[PDB]
Amino acid sequence: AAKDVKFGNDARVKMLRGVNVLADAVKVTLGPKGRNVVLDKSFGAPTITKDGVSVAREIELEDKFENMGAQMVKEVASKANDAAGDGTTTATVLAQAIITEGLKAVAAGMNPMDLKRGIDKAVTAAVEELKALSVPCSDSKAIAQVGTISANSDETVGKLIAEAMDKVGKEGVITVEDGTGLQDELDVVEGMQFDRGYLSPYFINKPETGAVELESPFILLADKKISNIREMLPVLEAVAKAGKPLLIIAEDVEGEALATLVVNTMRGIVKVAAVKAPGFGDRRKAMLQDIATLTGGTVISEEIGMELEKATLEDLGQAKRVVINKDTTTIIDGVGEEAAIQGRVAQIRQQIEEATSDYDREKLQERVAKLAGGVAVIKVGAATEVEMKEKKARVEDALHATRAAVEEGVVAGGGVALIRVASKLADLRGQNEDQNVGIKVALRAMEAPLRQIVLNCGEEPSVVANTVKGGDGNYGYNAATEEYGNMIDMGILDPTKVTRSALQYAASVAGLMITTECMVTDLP
Amino acid sequence: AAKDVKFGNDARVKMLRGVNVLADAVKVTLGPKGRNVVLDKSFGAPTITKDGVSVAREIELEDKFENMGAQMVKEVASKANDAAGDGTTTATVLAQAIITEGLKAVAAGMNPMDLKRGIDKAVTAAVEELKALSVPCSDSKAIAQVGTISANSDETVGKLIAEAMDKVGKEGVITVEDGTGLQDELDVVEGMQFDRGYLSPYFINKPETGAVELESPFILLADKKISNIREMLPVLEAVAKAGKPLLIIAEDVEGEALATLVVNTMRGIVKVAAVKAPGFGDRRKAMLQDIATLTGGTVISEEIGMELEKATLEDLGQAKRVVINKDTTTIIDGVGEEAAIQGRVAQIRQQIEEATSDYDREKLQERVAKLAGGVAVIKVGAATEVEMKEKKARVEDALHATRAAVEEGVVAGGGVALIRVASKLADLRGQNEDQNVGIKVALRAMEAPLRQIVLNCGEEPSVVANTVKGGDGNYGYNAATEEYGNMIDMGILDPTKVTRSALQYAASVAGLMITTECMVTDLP
Amino acid sequence: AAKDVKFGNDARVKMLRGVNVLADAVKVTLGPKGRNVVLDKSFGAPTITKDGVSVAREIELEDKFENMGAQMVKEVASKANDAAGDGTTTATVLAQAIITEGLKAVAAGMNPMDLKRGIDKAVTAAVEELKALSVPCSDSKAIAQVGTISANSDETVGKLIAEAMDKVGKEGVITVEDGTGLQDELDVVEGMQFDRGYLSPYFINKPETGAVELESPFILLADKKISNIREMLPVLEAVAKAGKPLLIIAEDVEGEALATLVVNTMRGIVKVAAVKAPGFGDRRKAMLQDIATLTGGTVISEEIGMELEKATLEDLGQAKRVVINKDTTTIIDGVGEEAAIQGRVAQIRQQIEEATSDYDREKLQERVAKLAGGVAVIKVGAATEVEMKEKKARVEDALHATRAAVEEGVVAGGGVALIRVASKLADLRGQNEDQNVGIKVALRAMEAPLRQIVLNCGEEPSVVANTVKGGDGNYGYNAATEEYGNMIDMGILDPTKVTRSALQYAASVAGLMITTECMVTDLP
Amino acid sequence: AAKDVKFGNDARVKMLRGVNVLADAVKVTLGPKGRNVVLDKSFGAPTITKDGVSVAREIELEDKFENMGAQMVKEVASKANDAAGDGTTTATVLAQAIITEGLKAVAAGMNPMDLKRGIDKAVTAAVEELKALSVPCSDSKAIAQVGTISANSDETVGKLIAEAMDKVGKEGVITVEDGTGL
Ligand SMILES: Nc1ncnc2c1ncn2[C@@H]1O[C@H](COP(=O)(O)OP(=O)(O)OP(=O)(O)O)[C@@H](O)[C@H]1O
Ligand SMILES: Nc1ncnc2c1ncn2[C@@H]1O[C@H](COP(=O)(O)OP(=O)(O)OP(=O)(O)O)[C@@H](O)[C@H]1O
Ligand SMILES: Nc1ncnc2c1ncn2[C@@H]1O[C@H](COP(=O)(O)OP(=O)(O)OP(=O)(O)O)[C@@H](O)[C@H]1O
Ligand SMILES: [Mg+2]
Ligand SMILES: [Mg+2]
Ligand SMILES: [Mg+2]
Ligand SMILES: [Mg+2]
C-alpha cells in the first residue's frame, strides 16, 4: 500500500540508530563475563539470558527504518551463526564497529564506494592473516577446548565432543541425543548423513534445536516430485496402522501434497516428515539405493513403473532413528543387513576404480565413507528433560564449532586473533585515501570484540587492549580469570572458521548499509 | 512485534520500582503479626490474606519493565517455595534488601560483577554458617514445633505431623487427606511414592493444592511413549463401564494423545490422569513391576508384544487411592496381596546382596524402603469441606517443611538465624573493595527479615534488632508474645532448608538484577 | 465514491513530486556501481537490491496524485521492460529528465503541445540516429557481451547464450531451465514456440519468472472457446488418474470454465494450464494440426463433431515439457514421431510452393521454421535451487536482450549511445521556439543516464560527461573499472532495441504528463 | 539566560547549515551572470542589491546555532567590505568553501587546530604568491577595465571612474552621490 521512502542521510541515520540499539542490546552479553538481558516472555516470567542469539532474535524496533537496519544486521549475524555456529554476538559487535565508523565517514562526505572497497580489502587481508595464524585442530585437547569455549565454559561438553570426535575420525559423522539416565554413553551405530532440510518448519518437534526426531521411523524413498497426497494414502494408512513415524525422501513435495501433509502434522495421523532428495539423476538414484540398502527398504520410482499407489509396508524402509535439520538429515542405525551394506560399499569402490574424473572418484569416495563410517551416537546423561534438551543443544552447537575448527584451525580467543590481525595489517593501504580510511575503520572494528569483552568484565578496555596489542603471538586477557596470559595455555580458543565468518559477514552488512542510498517501508 | 528496549540505569530504576512495589505488598504480611492485604477477587467479595504467597501471585505491575522485575523476583520467591514450602515472603524481603542496596551501589558507580561476587561469597558463607548452627530435628517435639510454625501457629497440625512422622520414621512416606468425622485419624497402609508429575495441569481437581486425587483408580502400566488415543480406546470404554478413575503411568504422552486425553478430561468420560514413568530401562521396568505387584496389576509393554489394544480389565492395576503432584505421585494401598509384595521385596533384597556398585545397592535399598515402609495416612478431621481443604493444605505444606527440617536441621526463627549468621560473618572480605561492599549489603539483607517482622508487630525494628544482635545463641524476639526469649524454648523454629533456600534464591535474583544491563519488552 | 480533482499547475506539481520520488529511488541503482535500496519485506528481513525493477515495483506513494504519477511512470518503465527486457531504470532516469525539465517549461508558460511535439520529434530523430549508429550483432562475441551486460556482469550467462544462439541460428527457438547439478548442458529438442499467454495469472508456479512449467503434460487441442468445465470432466478425471499435468490450447477459457479451472489450480487436482489458441480460421487449425503432429495428439473440434465429452486419453497430446509465459508458450520435445513431423513440414512446403501471396508464403515459411528448427534447451548448472531460479531468470532476461540486439543491433553502453545521439541532434529544430525547447529538454534527457551512472560511481558526472561528449564514436567511461575507453572494446554494449525502447517510452510518458491538465482520484 | 549547549558534530552541522544559508544568499550574486537579491526593509521599499556584504548583513536565522554560524561567517563579508571595499561575495564564497572542506576533515578525525594552522600557512604563502603575481595598474585603460568589471560589466562606470581619477590625479578625492538625471 502506501509506503514511506527515506533517502540518503536520513536513511543512514535511521539505519545507524536501529543498528546501535540492537548492537548494544546484544553486545552487553559478549564474553564469559557478559551482562544479563531480561526478555519479556509474554505472559510468563521474564527470561534472563546471557546468550546474544536470543537477545538479537527478540529485538524488533518500533520505527520501521530503524527496525529494518536492526533486522539486516541481525540476519547477517544469523548467517554467521549458520556458517559457523558461534560468534553471532562477535559478528554484531564487529558489524556495529564498522557501521558506526563507516556511516560517520559517509556523513562526513567521503565516498561510500571507496569505503566499501577499503573494508572489503581489509577484511580479505584479515582472513588471509587469520588463516596464516590458524593452528590446526587435530589433538583431542584442542577439540575439547573448542567445545568448552563454544558451550559457554562447559568442560564436560568439550571432553565428550573430543572423545566422540577422536573415536570416529575428524571427518566422521557424529550425532547427539538424550541419554537414558544421568550418565553419558558413546556408541558407534551404522548410519549415514545426507543433506536434506525439512520442507516445512512446522515439522519441528524440538523448539530448542529446530530439528525433527523420529524413533524407529519408516523411510519412503520417493524419486518423484510429489504433487498429490492421494497416491500414498494407502501407504499412510498402513503406516498409521503400524504406528511408527513416517519420513519421506522425495525430490520435492510441492502444492497441496505439502499443505495436506502439513495439515496432517497437527492431525497426527502419523509423525509426518518430508525432506528433499540430495543428488541428481545418477547421483540421486545412487544415494537413494544406498539409503535403501542401509535401511533394508526398496527404492520406489515412477520411471521403473513402481508407483506410490502400490507401495506396501515391505517396500518401506526402516531404521532405528532419524534426525532432520534445516540443512541435513541423519539416518541412524538402519535395519539393513551388514552384508548388503558391505556389498554396496564394494560396488561403489569398484565404481571408484572404474571412475576416471576427479569429481566421480571424490563423490564415490564420499559415498563409501558415509556408508562405512556410520554415526557416533552420544547419550548425554543430564538429570532432567529440560537439562536433556539444553545440554544436548549446547553439545550440538559446540560440536558444529569443533568441526568448523578442525576444518579451518583455531586462533587465540577473546578477540586476540583480530587484535593481532589488525596489528599485522596496520600498514595496508588502498587505491585512494578513502579506501585507506575504510581499512582503518575495519582495523578498529577488529579491535572492537576484545574491547567489548573487557568492558563487560568491568575493566577498562583501553588499558587491556593496549596490553594485548603490546603482546605478541597469543598473549591476551583471560576474562574469566581477569588475568593476562597465553590463550592457548588457558584454553581460550576460537575456531578460525567462526572468527573469519563473523568478520566477513560483519564487513558484508557494513558495506551493504554504507552503500545504501534509499530505503522503502510500509507507511506507519 | 515492536518492542521497547531499556538500557542500564533506566532499566535498573524500573527494576527497583517493580521490586519495591511487589516487596512492599508482600512484606507487609511477614511474621505472625503480619498486616492484611485485600486482593480483589474480580466480581466477588475481596479476599483479605496475611499469606504472602497469594499477595505475590496477585501482583502484576502495569509498567512493562516494572512488571518484569516484579515478576521475576516473584518467580524466585516461588522457586524458594517449591524447594522448601515456606519462606516465600522471607525470600522476597531478603531479595528486596539486596536489590535495593545493590542497585544503589550500581547507580553509585561500583562494578556489578564485584557486587555479585561479594553477595555470592557472603551467601555461601551464610549457608555454611546456617549448616553449622542447624540443630538436627529428630525428636517429635521439634517436628511438632516446625509443623506448627509452618502452618502459622496451628498446634494441631504440628502435633499430628509429629505423630505420623515418628510412627513411620524420618524417611517414611506420609500422605494426608480428609477424615470421616471431625477428629484426626492415623493409619498405616501398604503404598509407595514414585516421583512423577501430571502431564497436564488441567488434571488438577484440587485448586487448593494443585493435586489430582483418584479414589480406587485403574493403574495402567505403560512402558511406551503414548502418541495416540486409539490403541487404548477399548480400555477407556472398559474403564468407563467400570466407572473407576483411570491413571496412566507412561514414559511420555506426546502428540495428539495428550490433547485427546485433555479433551476427554473436560468431557469426563473417565477421570483421566497421566503421569510420567520414573526410572529408565532396567530401573523403569523394576519400579513398574513393583507397582504391578503392589496393585495386583500386570506390566504392559510393547517390547514383549503386550500391546495396548489387547489390554483388558484384568491386566489393569487397582489400588485404594492415588495422589498426583507436579513432581511426585503417591499410590495408596494397592490391592496386590501381601505375599506378592513380600516376594518382590525379597527379590530386591537378593538383588542388593548380589549388587556390588554403591549406586545399585543404594537404589535397590531405596526401592525396598519405599515398598516395605508403607504409607502413613492422615485422615484429618474438620467441621466443613472448605475447612477440610484448608486444614489439609496447611498440613501438607507444614509436612513438607518438617521434611526439609529433618533433612537439614532447624534454626532460630523470626530471622534470628540470619542475624546470628551476619554477626558471625561480619569480618568476611572479598578480593576487592566492591566485593566487600556486596558482602555488607548481604549482611544488611540478612538483618532485613527480623526487622520486617518487628515492623509488622508495630515495635521499632532498630531497638529489637539491636537487642537480638546483642544476644547470643538463639536469643530473639517472640513477635506473637512481643517478648524476648530463647527461640527454641518458645517453639519459633525455622527449617534450615527453608532459610538457606530463601537466602540463596534472594541472592540469585539480586545478582541477576544487578548484572542486568538491558531489558526488552513488548511496546505498550 | 467522492473524488478529489486537481487542475493544471497543482496536478502537474503532484506529478513531478511523485515522479521525483520514484525516479530517485530507482535511479540510485543505475549502472554497475549502483547503490543499494532496502525494501521492507513485510515481517521478514529487508531485501537489499541494486535492481531497479524491484525498487520501482515496491514504490507506491501515499499521496493519491503523487502515487498516480509514480505509478504511470513506473508502468511506462514496465512497458520498456516488456518490450526489451532491460533498461527499466534507464527508462525511468530518462523519463524524470524530460519530465522535470518539461514540467518546468509548462510552469514557465510554454505551451504543452509545442513541448510534446518537440520531444516527439527529438526522440524520433534519436531513434533514427541510434539505428544509424547501431552495429549488427551476429558474431557470438557480441552476443556474449550483450548477455553479460544484461545479466549485470555475468560472463557465464553471456557465453552460454552465445553458444546456444550460434547453435540454432539467430532466429532459432531457445529455452532455458534447471540443469542436473552444477554443470550446464546444451541440447536441441524437437519443439516449437507459439504466442499464447496464460489465461490466469494464478497459473504461475514460478514467481521468479512469471511462467508456468509443466513436465510431461497432456495437450488438449480444443478449437472452441471453453466456457463450461462439465464437458471435459471425464478428460479431467482421466488426466488426474494418469497424474501428468494438463494444458489446454483452446481459443479461450472464460466464465464458468475459467473460474472452475482456477478453483482446480489452487486445489491442484490436476496441474491446470490454459492458453489461448494462436492463429485464426485456416491458420488456427493449421497450427493446431502442427501441434497435434508434433505431440502425437489429435485435434478435437466441435465443427467436425469431435466433442469434448468423447475426448479420451489417446486423443490428448503428449510432450516432454511446456513453458507458458504471459505472451508466448513453448512446447518441448513432443512425442510425435519424426516421420509425422517430416510429412507435415513437407505438406507445408508444398503449401509454400502453391502459395502466391507474400503473407501466405511468409507465414508457411515461419511454420516450417518453427517445426523443423526445434527448441534449444539449456540445462544451466548451479549449486542450489535458489541459484537455479536466479541464474535461469538472469539467463532468460539476458537472452531476451540478446534477441532484441540481434534484431536491432548494438550500441555503446553506459549511456554513451544517447550522448552521441544528442551530439548529432544538437542542431535539430522545430516549427516554433517551444518545440526547440522541447528538443533541448530531450537532449539533456539523453545526457541523463550516463550522468546518473557516473554519479552512482561517486565521480563527478559533469567532468565525465564532458569527456565522453568530447570523444567520438564509442569512446566512453567504463564505470566498473572507472576508466575511459572504447565501450565495444571493454564489452559495455547496449541492445539498440533496449535503448530506443527506453527513450521512446520515457518520451511517451513525459509528453503524456506534460499535456495532462486534470486529475481525478478517490478522496483520501 | 538558560543556555542550550551543543557539542561536536551536532554543533558543527548546525553552524555549517547557518553558514550555508548565508553563503547561498550571498553567492547568487557572484560574477557577471550573478543575479540580484531583494532585502525587505522595515522602513521604505525593498532593496534590490548585488553586493554580498548587504545580503550577508541582512541574514539572520531562526535557529540560534545556525544563526551563530551565519553571524560568524558574516564577519568575512563585513571585514572585506570595510578593508578593500569589494570582493565581499568572493570572501564569503571562499570562507564557506574553507569551512565546508575544513569540516569534512574535522569529521575525518583531523585535528582542527592543525587544520587551522595549515590553512593559515597556505593563505600566507598565497598572499605572497599574489604579491608576486600582481602587475601595476597605472594606465587609464586598465583602470577602466577594473571599474567595468567591478560595476558588473558596466563600461560607462569604468570609463567615468577612470576619467575622474585622471582629472583629480592621485591626490584628488572621488565621492559618489545621487543624481537627478537618467
Ligand atoms: N575465558 C575467556 N576469556 C576471554 N575471552 C573469552 C573467554 N571465553 C570465551 N571468550 C571469548 O568470548 C567470546 C565468546 O562470547 P559468547 O559465547 O558470549 O558469544 P559469541 O561467541 O559471539 O556467540 P554466541 O552468542 O552465538 O555464543 C569469543 O570471542 C571467545 O573467544
Ligand atoms: N511467634 C513468632 N515470633 C517471631 N517470629 C515468628 C513467629 N512465628 C513465626 N515467625 C517467623 O516469621 C516468619 C514466618 O512468616 P510467614 O509464615 O508469614 O512467611 P514466610 O515464612 O516468609 O512464608 P509464607 O508466606 O510462604 O508462609 C518466619 O521467618 C518465622 O521464623
Ligand atoms: N561496466 C559498465 N560501465 C559503464 N556503464 C555500464 C557498465 N555495465 C553496464 N553499464 C550501463 O549501465 C546500465 C545498466 O544498469 P542496470 O542494469 O542497473 O539498469 P537498466 O539497464 O536501466 O535496467 P534494469 O534495471 O531493468 O536491469 C546500462 O545503461 C549499461 O549500458
Ligand atoms: Mg558465543
Ligand atoms: Mg511463611
Ligand atoms: Mg539494467
Ligand atoms: Mg565587486
# chains A, B, ... in the order shown; residues from 1 in each chain; ligands from 1
$ residues_near_ligand --ligand "ligand 3" --cutoff "7 Å" --atoms "only C-alpha atoms and all ligand atoms" --output "JSON, numbers by chain"
{"C": [29, 30, 31, 32, 34, 50, 51, 52, 53, 81, 85, 86, 87, 88, 89, 90, 91, 149, 150, 152, 413, 414, 415, 449, 453, 477, 478, 479, 480, 481, 492, 493, 494]}
$ write_last_selection --atoms "N, CA and C atoms" --output "short mmCIF file (atom, residue, chain, number, x, y, z; two decimals), in the first residue's frame"
data_model
loop_
_atom_site.label_atom_id
_atom_site.label_comp_id
_atom_site.auth_asym_id
_atom_site.auth_seq_id
_atom_site.Cartn_x
_atom_site.Cartn_y
_atom_site.Cartn_z
N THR C 29 20.08 3.17 -8.29
CA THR C 29 20.53 1.81 -8.58
C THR C 29 21.00 1.62 -10.02
N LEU C 30 21.23 2.71 -10.75
CA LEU C 30 21.58 2.59 -12.16
C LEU C 30 23.08 2.36 -12.33
N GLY C 31 23.42 1.47 -13.25
CA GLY C 31 24.80 1.21 -13.59
C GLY C 31 25.41 0.10 -12.76
N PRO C 32 26.60 -0.36 -13.15
CA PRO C 32 27.27 -1.41 -12.37
C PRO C 32 27.58 -1.00 -10.95
N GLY C 34 25.75 0.80 -8.96
CA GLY C 34 24.54 1.31 -8.34
C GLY C 34 24.54 1.11 -6.84
N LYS C 50 20.04 -3.95 -5.82
CA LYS C 50 20.52 -2.97 -6.79
C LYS C 50 19.71 -3.04 -8.07
N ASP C 51 18.65 -3.83 -8.10
CA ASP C 51 17.82 -4.00 -9.28
C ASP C 51 16.70 -2.97 -9.25
N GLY C 52 16.71 -2.05 -10.23
CA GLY C 52 15.71 -1.00 -10.26
C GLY C 52 14.30 -1.49 -10.50
N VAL C 53 14.14 -2.69 -11.07
CA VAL C 53 12.81 -3.23 -11.30
C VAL C 53 12.09 -3.45 -9.97
N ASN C 81 10.47 -2.49 -20.16
CA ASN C 81 10.98 -3.80 -19.78
C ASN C 81 10.36 -4.90 -20.63
N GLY C 85 13.30 -6.06 -22.12
CA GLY C 85 13.92 -6.92 -21.13
C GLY C 85 15.01 -6.26 -20.32
N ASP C 86 15.43 -5.05 -20.69
CA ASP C 86 16.44 -4.32 -19.94
C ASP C 86 16.19 -2.83 -20.15
N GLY C 87 16.86 -2.02 -19.34
CA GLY C 87 16.71 -0.59 -19.43
C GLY C 87 15.51 -0.02 -18.71
N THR C 88 15.00 -0.72 -17.70
CA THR C 88 13.90 -0.17 -16.92
C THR C 88 14.34 1.06 -16.13
N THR C 89 15.46 0.95 -15.41
CA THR C 89 15.98 2.10 -14.68
C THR C 89 16.37 3.23 -15.63
N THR C 90 16.98 2.89 -16.77
CA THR C 90 17.35 3.90 -17.75
C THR C 90 16.12 4.61 -18.29
N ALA C 91 15.03 3.87 -18.52
CA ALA C 91 13.79 4.50 -18.96
C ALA C 91 13.26 5.46 -17.91
N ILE C 149 26.20 -8.18 -20.21
CA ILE C 149 25.81 -6.85 -19.76
C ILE C 149 24.37 -6.83 -19.27
N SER C 150 23.48 -7.62 -19.89
CA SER C 150 22.10 -7.64 -19.45
C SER C 150 21.92 -8.43 -18.16
N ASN C 152 23.90 -8.20 -15.72
CA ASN C 152 24.64 -7.42 -14.72
C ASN C 152 25.96 -8.10 -14.36
N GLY C 413 27.40 1.23 -24.62
CA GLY C 413 26.69 1.17 -23.36
C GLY C 413 27.05 2.32 -22.44
N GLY C 414 26.50 2.26 -21.23
CA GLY C 414 26.76 3.30 -20.25
C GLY C 414 26.21 4.66 -20.62
N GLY C 415 25.17 4.71 -21.44
CA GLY C 415 24.60 5.97 -21.85
C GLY C 415 25.38 6.71 -22.91
N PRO C 449 21.24 9.53 -18.50
CA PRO C 449 21.63 8.20 -17.98
C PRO C 449 23.11 8.04 -17.68
N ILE C 453 24.82 7.25 -14.02
CA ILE C 453 25.76 6.16 -13.77
C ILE C 453 27.02 6.70 -13.11
N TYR C 477 33.08 6.01 -20.68
CA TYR C 477 33.60 5.80 -19.33
C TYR C 477 33.15 4.45 -18.81
N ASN C 478 34.07 3.49 -18.76
CA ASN C 478 33.83 2.22 -18.08
C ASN C 478 33.69 2.49 -16.59
N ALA C 479 32.47 2.33 -16.08
CA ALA C 479 32.18 2.63 -14.69
C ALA C 479 32.74 1.56 -13.76
N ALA C 480 32.63 0.29 -14.15
CA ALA C 480 33.13 -0.79 -13.30
C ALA C 480 34.62 -0.66 -13.07
N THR C 481 35.38 -0.34 -14.12
CA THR C 481 36.81 -0.11 -13.99
C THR C 481 37.14 1.35 -13.72
N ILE C 492 31.03 -3.09 -23.01
CA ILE C 492 29.87 -2.40 -22.45
C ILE C 492 28.95 -2.07 -23.63
N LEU C 493 28.13 -3.05 -23.99
CA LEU C 493 27.21 -2.92 -25.11
C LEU C 493 25.79 -2.77 -24.61
N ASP C 494 24.97 -2.05 -25.37
CA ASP C 494 23.56 -1.93 -25.10
C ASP C 494 22.78 -2.38 -26.33
#
$ residues_around --residues "residue 269 in chain A" --least-positions-apart "6" --cutoff "12 Å" --atoms "only C-alpha atoms" --output "list in words"
residues 233, 235, 236, 237, 238, 239, 240, 241, 242, 243, 244, 245, 246, 260, 261, 262 and 263 of chain A; 227, 228, 229, 230, 255, 256 and 257 of chain B
$ residues_around --residues "residue 281 in chain C" --least-positions-apart "6" --cutoff "12 Å" --atoms "only C-alpha atoms" --output "list in words"
residues 223, 224, 251, 287, 288 and 303 of chain C
$ write_last_selection --atoms "N, CA and C atoms" --output "compact mmCIF listing (two decimals), in the first residue's frame"
# COMPACT_ATOMS: atom_id res chain seq x y z
N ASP C 223 -10.54 -26.46 -30.31
CA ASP C 223 -10.73 -25.38 -31.28
C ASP C 223 -12.02 -24.62 -31.00
N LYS C 224 -12.33 -24.42 -29.72
CA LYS C 224 -13.56 -23.76 -29.32
C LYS C 224 -13.34 -23.08 -27.98
N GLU C 251 -9.29 -21.82 -27.77
CA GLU C 251 -9.29 -20.42 -28.18
C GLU C 251 -9.27 -19.49 -26.97
N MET C 287 -1.95 -24.48 -37.31
CA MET C 287 -1.03 -24.68 -36.18
C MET C 287 -1.57 -25.67 -35.17
N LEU C 288 -2.90 -25.82 -35.06
CA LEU C 288 -3.43 -26.87 -34.18
C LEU C 288 -3.03 -28.25 -34.68
N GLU C 303 -16.66 -28.54 -34.74
CA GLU C 303 -17.18 -28.42 -36.09
C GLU C 303 -17.25 -29.79 -36.78
$ residues_around --residues "residue 472 in chain C" --least-positions-apart "4" --cutoff "12 Å" --atoms "only C-alpha atoms" --output "list in words"
residues 133, 412, 416, 417, 419, 420, 421, 423, 424, 466, 467, 468, 476, 485, 486 and 487 of chain C
$ residues_near_ligand --ligand "ligand 7" --cutoff "8 Å" --atoms "only C-alpha atoms and all ligand atoms" --output "list in words"
residues 51, 86, 87, 88, 89, 149, 150, 151 and 152 of chain D
$ write_last_selection --atoms "C-alpha atoms" --output "PDB file, in the first residue's frame"
ATOM      1  CA  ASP D  51      26.639  43.255  -3.104  1.00  0.00           C
ATOM      2  CA  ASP D  86      34.883  44.987  -2.877  1.00  0.00           C
ATOM      3  CA  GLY D  87      35.241  41.225  -3.013  1.00  0.00           C
ATOM      4  CA  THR D  88      32.657  40.609  -0.300  1.00  0.00           C
ATOM      5  CA  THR D  89      30.888  37.901  -2.302  1.00  0.00           C
ATOM      6  CA  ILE D 149      34.433  44.541 -14.045  1.00  0.00           C
ATOM      7  CA  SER D 150      33.665  45.858 -10.561  1.00  0.00           C
ATOM      8  CA  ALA D 151      30.450  47.574 -11.725  1.00  0.00           C
ATOM      9  CA  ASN D 152      29.035  44.275 -13.046  1.00  0.00           C
TER      10      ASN D 152
END
$ interface_residues --of "chain A" --to "chain C" --cutoff "9 Å" --atoms "only C-alpha atoms" --output "PyMOL selection string"
chain A and resi 1-7+64-65+68-69+71-72+74-75+111-114+227-228+255-257+279-281+512-523
$ interface_residues --of "chain A" --to "chain D" --cutoff "7 Å" --atoms "only C-alpha atoms" --output "list in words"
residues 105, 108 and 109 of chain A
$ write_last_selection --atoms "N, CA, C and O atoms" --output "tab-separated table (two decimals), in the first residue's frame"
chain	number	residue	atom	x	y	z
A	105	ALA	N	31.87	8.23	8.42
A	105	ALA	CA	32.67	8.60	7.26
A	105	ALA	C	31.79	9.06	6.10
A	105	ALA	O	32.11	10.06	5.43
A	108	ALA	N	30.41	12.43	6.73
A	108	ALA	CA	31.44	13.45	6.54
A	108	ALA	C	31.41	13.98	5.11
A	108	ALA	O	31.46	15.19	4.89
A	109	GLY	N	31.31	13.08	4.14
A	109	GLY	CA	31.32	13.46	2.75
A	109	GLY	C	32.12	12.51	1.89
A	109	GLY	O	32.20	12.68	0.67
$ closest_residue --among "C:469, C:285, C:321, C:367" --to "residue 304 in chain C" --atoms "only C-alpha atoms"
C:285
$ residues_around --residues "residue 431 in chain A" --least-positions-apart "4" --cutoff "12 Å" --atoms "only C-alpha atoms" --output "PDB file with N, CA, C and O atoms, in the first residue's frame"
ATOM      1  N   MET A 113      31.405   4.059  -1.942  1.00  0.00           N
ATOM      2  CA  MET A 113      32.067   3.002  -2.701  1.00  0.00           C
ATOM      3  C   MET A 113      33.519   2.831  -2.283  1.00  0.00           C
ATOM      4  O   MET A 113      33.999   1.702  -2.141  1.00  0.00           O
ATOM      5  N   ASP A 114      34.239   3.936  -2.094  1.00  0.00           N
ATOM      6  CA  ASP A 114      35.632   3.833  -1.678  1.00  0.00           C
ATOM      7  C   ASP A 114      35.745   3.169  -0.313  1.00  0.00           C
ATOM      8  O   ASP A 114      36.611   2.313  -0.097  1.00  0.00           O
ATOM      9  N   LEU A 115      34.870   3.548   0.621  1.00  0.00           N
ATOM     10  CA  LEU A 115      34.881   2.924   1.937  1.00  0.00           C
ATOM     11  C   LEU A 115      34.591   1.436   1.839  1.00  0.00           C
ATOM     12  O   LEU A 115      35.233   0.626   2.515  1.00  0.00           O
ATOM     13  N   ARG A 117      35.122  -0.583  -0.734  1.00  0.00           N
ATOM     14  CA  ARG A 117      36.289  -1.255  -1.299  1.00  0.00           C
ATOM     15  C   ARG A 117      37.385  -1.409  -0.257  1.00  0.00           C
ATOM     16  O   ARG A 117      38.010  -2.471  -0.152  1.00  0.00           O
ATOM     17  N   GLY A 118      37.634  -0.355   0.523  1.00  0.00           N
ATOM     18  CA  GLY A 118      38.664  -0.435   1.544  1.00  0.00           C
ATOM     19  C   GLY A 118      38.357  -1.476   2.600  1.00  0.00           C
ATOM     20  O   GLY A 118      39.233  -2.244   3.002  1.00  0.00           O
ATOM     21  N   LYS A 121      38.822  -4.964   1.130  1.00  0.00           N
ATOM     22  CA  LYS A 121      40.237  -5.312   1.052  1.00  0.00           C
ATOM     23  C   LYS A 121      40.798  -5.644   2.426  1.00  0.00           C
ATOM     24  O   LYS A 121      41.518  -6.637   2.590  1.00  0.00           O
ATOM     25  N   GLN A 435      39.676   4.574   0.658  1.00  0.00           N
ATOM     26  CA  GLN A 435      39.894   3.145   0.864  1.00  0.00           C
ATOM     27  C   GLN A 435      40.775   2.902   2.082  1.00  0.00           C
ATOM     28  O   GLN A 435      40.534   1.969   2.859  1.00  0.00           O
ATOM     29  N   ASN A 436      41.801   3.734   2.268  1.00  0.00           N
ATOM     30  CA  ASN A 436      42.636   3.627   3.459  1.00  0.00           C
ATOM     31  C   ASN A 436      41.830   3.909   4.720  1.00  0.00           C
ATOM     32  O   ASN A 436      42.035   3.267   5.757  1.00  0.00           O
ATOM     33  N   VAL A 437      40.915   4.876   4.652  1.00  0.00           N
ATOM     34  CA  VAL A 437      40.062   5.173   5.801  1.00  0.00           C
ATOM     35  C   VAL A 437      39.156   3.990   6.114  1.00  0.00           C
ATOM     36  O   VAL A 437      38.947   3.642   7.281  1.00  0.00           O
ATOM     37  N   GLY A 438      38.600   3.358   5.081  1.00  0.00           N
ATOM     38  CA  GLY A 438      37.830   2.145   5.300  1.00  0.00           C
ATOM     39  C   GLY A 438      38.662   1.041   5.921  1.00  0.00           C
ATOM     40  O   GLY A 438      38.184   0.291   6.777  1.00  0.00           O
ATOM     41  N   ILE A 439      39.923   0.928   5.501  1.00  0.00           N
ATOM     42  CA  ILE A 439      40.829  -0.046   6.102  1.00  0.00           C
ATOM     43  C   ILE A 439      41.015   0.245   7.586  1.00  0.00           C
ATOM     44  O   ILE A 439      40.965  -0.664   8.424  1.00  0.00           O
TER      45      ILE A 439
ATOM     46  N   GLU C 482      36.155   2.246 -13.799  1.00  0.00           N
ATOM     47  CA  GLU C 482      36.340   3.675 -13.536  1.00  0.00           C
ATOM     48  C   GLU C 482      37.419   4.279 -14.429  1.00  0.00           C
ATOM     49  O   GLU C 482      38.199   5.130 -13.999  1.00  0.00           O
TER      50      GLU C 482
END
$ closest_residue --among "B:430, B:169, B:201, B:147" --to "ligand 5" --atoms "only C-alpha atoms and all ligand atoms"
B:147
$ closest_residue --among "B:473, B:495, B:524, B:511" --to "ligand 2" --atoms "only C-alpha atoms and all ligand atoms"
B:495
$ atom_distance --atom1 "CA of residue 57 in chain B" --atom2 "CA of residue 442 in chain B"
25.6 Å
$ closest_residue --among "A:84, A:225, A:342, A:66" --to "ligand 4" --atoms "only C-alpha atoms and all ligand atoms"
A:84
$ select_by_dssp --residues "range 6-148 of chain D" --states "strand (DSSP E)" --output "ChimeraX atom specification"
/D:37-39,47-49
$ select_by_dssp --residues "range 188-427 of chain B" --states "helix (DSSP H, G or I)" --output "JSON, numbers by chain"
{"B": [201, 202, 203, 233, 234, 235, 236, 237, 238, 239, 240, 241, 242, 256, 257, 258, 259, 260, 261, 262, 263, 264, 265, 266, 267, 282, 283, 284, 285, 286, 287, 288, 289, 290, 291, 292, 293, 294, 295, 308, 309, 310, 338, 339, 340, 341, 342, 343, 344, 345, 346, 347, 348, 349, 350, 351, 352, 353, 354, 358, 359, 360, 361, 362, 363, 364, 365, 366, 367, 368, 369, 370, 371, 372, 373, 385, 386, 387, 388, 389, 390, 391, 392, 393, 394, 395, 396, 397, 398, 399, 400, 401, 402, 403, 404, 405, 406, 407, 408, 416, 417, 418, 419, 420, 421, 422, 423, 424]}
